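Asker: This is the content of entry.csv (CSV, C-alpha atoms):
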```csv
chain,number,residue,atom,x,y,z
A,1,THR,CA,98.8,117.0,49.3
A,2,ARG,CA,97.3,120.5,49.1
A,3,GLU,CA,97.9,124.1,50.1
A,4,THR,CA,95.7,127.1,51.2
A,5,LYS,CA,96.1,130.5,52.8
A,6,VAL,CA,94.5,132.3,55.8
A,7,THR,CA,94.8,135.7,57.3
A,8,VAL,CA,94.8,136.5,61.1
A,9,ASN,CA,94.3,139.9,62.7
A,10,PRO,CA,96.5,141.2,65.5
A,11,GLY,CA,95.6,139.4,68.8
A,12,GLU,CA,93.4,136.9,67.0
A,13,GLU,CA,94.0,133.2,66.5
A,14,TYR,CA,93.4,130.5,64.0
A,15,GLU,CA,93.4,126.7,64.3
A,16,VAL,CA,95.0,124.4,61.7
A,17,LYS,CA,93.7,120.8,61.5
A,18,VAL,CA,95.9,117.8,61.1
A,19,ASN,CA,94.8,114.2,60.6
A,20,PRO,CA,96.3,111.1,62.2
A,21,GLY,CA,99.3,109.9,60.2
A,22,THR,CA,99.6,113.2,58.3
A,23,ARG,CA,101.6,116.4,58.9
A,24,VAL,CA,101.2,120.1,58.2
A,25,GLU,CA,103.5,123.1,57.7
A,26,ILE,CA,102.7,126.8,58.3
A,27,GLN,CA,104.8,129.7,57.0
A,28,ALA,CA,104.3,133.0,58.8
A,29,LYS,CA,104.5,136.3,57.0
A,30,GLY,CA,105.6,138.0,60.2
A,31,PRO,CA,106.1,137.2,63.9
A,32,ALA,CA,103.8,134.4,65.1
A,33,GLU,CA,103.2,132.0,68.0
A,34,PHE,CA,102.3,128.3,67.7
A,35,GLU,CA,100.9,125.8,70.1
A,36,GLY,CA,100.4,122.0,69.8
A,37,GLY,CA,101.6,118.7,71.0
A,38,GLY,CA,102.0,120.2,74.4
A,39,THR,CA,104.8,122.4,73.0
A,40,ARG,CA,105.0,126.1,71.9
A,41,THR,CA,107.1,127.7,69.1
A,42,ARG,CA,107.5,131.3,67.9
A,43,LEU,CA,108.7,132.1,64.3
A,44,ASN,CA,110.6,134.9,62.8
A,45,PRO,CA,109.3,136.4,59.5
A,46,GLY,CA,109.8,133.9,56.6
A,47,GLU,CA,110.2,130.9,58.9
A,48,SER,CA,107.8,128.0,59.1
A,49,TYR,CA,106.4,125.6,61.7
A,50,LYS,CA,106.0,121.9,61.2
A,51,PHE,CA,103.7,119.5,63.0
A,52,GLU,CA,103.0,115.8,62.7
A,53,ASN,CA,100.0,114.0,64.2
A,54,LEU,CA,101.4,110.8,65.9
A,55,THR,CA,98.2,110.0,67.7
A,56,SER,CA,95.0,108.2,66.9
A,57,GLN,CA,93.0,111.4,67.2
A,58,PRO,CA,92.7,114.6,65.1
A,59,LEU,CA,94.8,117.4,66.4
A,60,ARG,CA,94.8,121.2,65.9
A,61,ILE,CA,97.7,123.7,65.7
A,62,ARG,CA,97.1,127.1,67.2
A,63,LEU,CA,98.1,130.2,65.3
A,64,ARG,CA,98.5,133.6,67.0
A,65,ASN,CA,99.4,137.0,65.4
A,66,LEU,CA,102.1,138.6,67.4
A,67,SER,CA,102.3,141.7,65.1
A,68,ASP,CA,100.5,145.0,65.0
A,69,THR,CA,99.3,144.2,61.5
A,70,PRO,CA,97.3,141.4,59.9
A,71,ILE,CA,99.5,138.3,59.3
A,72,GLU,CA,99.3,135.9,56.4
A,73,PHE,CA,99.8,132.2,56.9
A,74,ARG,CA,100.6,129.7,54.2
A,75,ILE,CA,99.0,126.4,55.1
A,76,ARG,CA,100.4,123.2,53.6
A,77,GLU,CA,98.9,119.7,54.3
A,78,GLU,CA,100.5,116.4,53.6
```
Take the structure in this file and express it as structure tokens.
Answerer:
Amino acid sequence: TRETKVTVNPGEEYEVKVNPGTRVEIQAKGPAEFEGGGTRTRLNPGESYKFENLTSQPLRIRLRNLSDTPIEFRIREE
């Protein structure tokens, strides 16, 4: 288990990698949009998005900054 932190500029995107059998969680410091697993989710400030890789293949979760200012994402990997 580990954590890191990334910053995304308005309009820009960032991918979060998850390994098979593992899961991740992203907490958004502001409005954000997520894509993965064929689904989409948007967060309010303070909220977090969870994803679990139930496949045999590596997956990636899309981050998008919906705000007018740079957004911080707290990235947790389990």
Asker: For a cut-off of 7 Å around (105.0, 124.7, 61.2), file coordinates, pick out all residues using all atoms listed in the file and list them as a list in words.
Answerer: residues 24, 25, 26, 27, 48, 49, 50 and 51 of chain A
Asker: Which residue out of A:78, A:71, A:10, A:15 has the minimum interatomic distance to residue 34 (chain A) when all atoms listed in the file are used?
Answerer: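 Between A:78, A:71, A:10, A:15, the residue approaching residue 34 (chain A) most closely is A:15.
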Asker: Between A:44, A:33, A:39, A:74, which is the closest to residue 13 (chain A) once you count only C-alpha atoms?
Answerer: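 Closest to residue 13 (chain A), using only C-alpha atoms: A:33.
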Asker: Identify the residues around (99.0, 119.5, 67.3) within a radius of 9 Å, measuring from all atoms listed in the file in the coordinates stated by the file, and give them as number ranges by chain.
Answerer: A: 16-18, 35-39, 51-53, 58-62
Asker: From the list A:40, A:76, A:23, A:29, which residue is nearest residue 3 (chain A) when using only C-alpha atoms?
Answerer: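 Among A:40, A:76, A:23, A:29, it is A:76 that comes nearest to residue 3 (chain A).
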Asker: Looking at only C-alpha atoms, which of A:63, A:54, A:43, A:8 is the one that sits closest to residue 21 (chain A)?
Answerer: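 Among A:63, A:54, A:43, A:8, it is A:54 that comes nearest to residue 21 (chain A).
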Asker: I'd like to know which of A:1, A:32, A:14, A:20 is closest to residue 68 (chain A), using only C-alpha atoms.
Answerer: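 Smallest distance to residue 68 (chain A) is found for A:32.
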Asker: Enter the distance from CA of residue 47 (chain A) to CA of residue 67 (chain A), in Å, rounded to one decimal.
Answerer: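 We find that CA of residue 47 (chain A) and CA of residue 67 (chain A) lie 14.7 Å from each other.
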Asker: Using Å and a single decimal, report how far CA of residue 12 (chain A) sits from CA of residue 55 (chain A).
Answerer: 27.3 Å
Asker: Using all atoms listed in the file, which residue out of A:72, A:2, A:64, A:77 lies closest to residue 28 (chain A)?
Answerer: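 Ranking A:72, A:2, A:64, A:77 by distance to residue 28 (chain A), first place goes to A:72.
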Asker: Can you measure CA of residue 30 (chain A) to CA of residue 66 (chain A) for me? One decimal in Å is fine.
Answerer: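 CA of residue 66 (chain A) lies at a distance of 8.0 Å from CA of residue 30 (chain A).
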